[PDB]
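Residue numbers run from 1 in the order of the sequence given. Counting convention: from 1, in listed order, for ligands and their atoms alike.
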Amino acid sequence: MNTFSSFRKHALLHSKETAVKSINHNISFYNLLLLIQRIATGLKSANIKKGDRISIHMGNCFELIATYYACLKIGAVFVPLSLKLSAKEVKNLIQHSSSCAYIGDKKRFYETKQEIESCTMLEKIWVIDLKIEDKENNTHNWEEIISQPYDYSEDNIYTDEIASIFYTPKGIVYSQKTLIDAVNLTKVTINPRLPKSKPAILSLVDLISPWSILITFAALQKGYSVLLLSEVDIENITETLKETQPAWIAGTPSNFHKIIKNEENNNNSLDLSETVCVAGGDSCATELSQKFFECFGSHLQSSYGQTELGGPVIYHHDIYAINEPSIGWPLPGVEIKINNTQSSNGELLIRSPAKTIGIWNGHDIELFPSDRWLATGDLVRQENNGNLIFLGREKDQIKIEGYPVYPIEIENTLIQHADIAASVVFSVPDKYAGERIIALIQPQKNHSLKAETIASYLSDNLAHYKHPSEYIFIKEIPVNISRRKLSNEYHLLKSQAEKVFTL
Ligand SMILES: CCc1cc(C(=O)O)c2c(c1)C(=O)C=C2
């Protein structure tokens with residue numbers, strides 16, 4: 001069962017239930033299938049064929065998810081163009097991907113119009129809410145692609161065929177099978193609670209971005225509705241969440257930090273205690289989970305994955321339950337190897353059951369040996385129960401007397417202190433020790449804090465060789481965090497510090 005046919009099967013058996021909703025709109029499973037079918041007929045009527053590449057360039061709307069499924073239905077390769085791309089970058093991807101069609105919305109098209117229309121390989125350009133004076137040459141209004149009824153023509157889709165190209169300047173090629181296996185990984189990470197009185201799934205990452213594509217396919221295949229928000233909706237996220245009350249929210253760590261910060265004001269208070277929230281990336285969200293529980297009483301989850309691995313590969317279904325920084329457990333079929341360093345800690349290597357096909361180089365696919373391991377650049381230790389303790393980036397590792405020291409582990413200890421609001425640990429060169437550990441300490445509250453408190457606190461909680469040699473008290477840590485750039489600004493930091501304490 002490929003991704004479209006899995007959607008279809010569910011839509012035909014659960015026709016009346018809401019598949020997608022926004023603040024002002026909704027569409028049932030059955031009507032979304034009808035829209036997908038009309039788009040498929042319009043594409044084929046416009047001479048789009050299995051294997052043709054379609055660049056897709058639009059904000060969150062029902063047409064975006066319908067277009068993904070229409071491409072899948074007919075075997076057209078979809079090429080999502082991130083909304084963060086400049087006009088020159090969008091043109092580069094349209095050209096590099098060898099797209100022969102483009103589908104976009106009004107805002108994205110008109111920001112990029114001259115570039116898109118100068119891509120001479122584009123035989124069809126469809127634009128939602130195209131201005132009528134611009135319907136000419138190969139540029140068409142979106143309504144044209146759905147104007148004809150479904151023609152019931154067959155499609156022969158095979159799981160080894162290309163389905164999509166997800167650009168990181170590297171076009172990662174997914175087959176129909178990659179997408180099946182990536183959605184199957186993602187399905188394991190979407191676990192709303194049982195309602196008390198139907199779950200709606202929200203992803204705060206744009207639907208043009210691969211993690212949200214997978215979340216959306218997986219949610220619909222589990223029969224959940226998907227809530228789509230606009231940029232303005234997400235700028236007003238606290239009020240939007242009170243109104244829409246999703247059961248499950250995916251987002252970046254930054255998304256959830258902002259949600260936390262909005263509560264410091266407000267009044268009516270947003271109740272996320274029953275909501276399952278999933279922070280997504282290539283790091284660890286343990287400190288965020290502590291803040292998120294304090295603020296909402298909700299138990300943050302995390303997902304760790306990347307496009308080259310097809311989908312999510314490691315999932316932490318309860319970050320806050322683990323006192324150490326951790327990233328969770330490998331998903332089903334995921335294989336891991338921890339590089340042997342003659343110790344329990346090493347680089348995390350991953351092989352995923354969602355095998356990408358290769359890299360599109362503009363002219364051909366550079367094929368991936370299906371046995372390849374991906375080196376993540378992250379250090380881990382695997383506990384007895386499988387949980388991957390997170391030791392930080394390999395390149396942030398500090399050496400003390402020959403032994404590796406991990407800033408993220410020291411930071412996690414420091415912030416548990418009631419008087420410490422935040423902390424960043426890094427090293428500086430030292431003529432005779434090689435490196436020396438510095439701790440940037442941001443005092444909590446409106447409170448006072450003496451370094452001697454910290455050194456004694458660390459004696460009880462950390463091995464001595466992991467201890468900072470020096471404390472820099474500053475009541476705002478520079479963010480925008482790069483322990484490398486902070487090391488480079490060590491003398492500046494000391495000169496701006498509330499106080500410095502050298503042991
Ligand atoms: C589709 C591959 C993938 C991409 C990304 C991303 O941050 O872009 C993420 C994950 C998977 C994930 O499990 C959490 C973040």
Side-chain angles (χ1 to χ4, degrees), residues 3 56 60 64-65 68 72 78-85 163-191 201-221 226 248-257 276-286 288-289 300-319 326-334 336 348 350-360 368 374 376-378 380 388 390 393:
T3 303
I56 301 180
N60 297 350
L64 178 47
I65 182 57
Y68 293 151
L72 285 167
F78 56 102
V79 186
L81 305 174
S82 149
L83 312 189
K84 314 220 174 306
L85 302 170
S164 69
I165 298 169
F166 291 165
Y167 274 93
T168 61
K170 298 190 319 154
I172 304 303
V173 181
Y174 281 52
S175 68
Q176 296 274 354
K177 187 175 189 311
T178 316
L179 198 60
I180 291 169
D181 295 333
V183 169
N184 285 346
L185 289 162
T186 306
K187 280 170 57 170
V188 181
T189 78
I190 306 180
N191 302 293
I201 272 36
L202 167 61
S203 176
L204 296 172
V205 168
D206 302 334
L207 179 55
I208 211 66
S209 185
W211 189 31
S212 289
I213 297 173
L214 295 181
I215 286 165
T216 300
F217 295 151
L220 296 172
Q221 286 180 36
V226 172
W248 186 100
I249 305 177
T252 69
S254 176
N255 280 128
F256 290 110
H257 271 121
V276 174
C277 297
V278 178
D282 266 313
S283 192
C284 169
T286 296
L288 171 53
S289 84
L300 191 68
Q301 304 189 355
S302 58
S303 183
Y304 173 107
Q306 61 188 93
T307 301
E308 297 89 338
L309 293 176
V313 292
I314 292 163
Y315 169 50
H316 202 330
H317 59 274
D318 190 352
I319 302 168
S326 69
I327 59 180
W329 289 264
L331 285 169
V334 174
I336 64 146
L348 172 60
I350 301 164
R351 193 153 61 190
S352 167
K355 313 275 193 209
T356 58
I357 305 318
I359 293 175
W360 174 250
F368 276 142
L374 184 147
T376 62
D378 293 333
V380 296
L388 295 169
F390 187 80
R393 300 286 300 168

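- At least one heavy atom of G281 sits closer than 4.0 Å to an atom of ligand 1.
- The nearest heavy-atom contact from the protein to atom 9 (C) of ligand 1 is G305 O, 3.7 Å.
- Numbered from 1 in the order shown, with element, the atoms of ligand 1 that lie under 4.0 Å from a heavy atom of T307 read 2 (C).
- Between the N255 side chain and the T252 main chain, a donor and an acceptor come within less than 3.5 Å of each other.
- Of all atoms in ligand 1, listed by their number and element, those nearer than 4.0 Å to a heavy atom of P210 are 1 (C).
- To the nearest 0.5 Å, atoms CG (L374) and CG (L309) are separated by 4.5 Å.
- Aromatic ring orientation, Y68 versus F78: tilted (interplanar angle from 30° to 60°).
- Considering only heavy atoms from C-beta on, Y167 stays 4.5 Å or farther from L85 through its side chain.
- Neither the backbone nor the side chain of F166 has a heavy atom within less than 4.0 Å of ligand 1.
- Shown in contact with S303 at under 4.0 Å from a heavy atom are these atoms of ligand 1, numbered in order with element: 12 (C), 13 (O), 14 (C).
- No side-chain donor-acceptor contact under 3.5 Å links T307 to the backbone of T168.
- Between the side chain of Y174 and the main chain of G310, a donor-acceptor pair closer than 3.5 Å is present.
- Of the protein's heavy atoms, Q306 C, 3.3 Å lies nearest to atom 2 (C) of ligand 1.
- Ligand 1 places these atoms under 4.0 Å from at least one heavy atom of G280: 14 (C), 15 (C).
- Only the side chain of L214 comes within 4.0 Å of ligand 1, judged by heavy-atom distances.
- Under the 4.5 Å side-chain criterion, counting only non-hydrogen atoms from C-beta, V226 is not in contact with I65.
- Taking a 6.0 Å sphere around NZ of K177, one finds it holds 12 or fewer heavy atoms contributed by other residues, nucleotides or ligands.
- Protein heavy atom nearest atom 6 (C) of ligand 1, with residue, atom name and distance: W211 CB, 4.3 Å.
- The protein reaches atom 13 (O) of ligand 1 closely, with a heavy atom under 4.0 angstrom from it.
- Polar contact with ligand 1: absent for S209 (N/O pair, distance under 3.5 Å).
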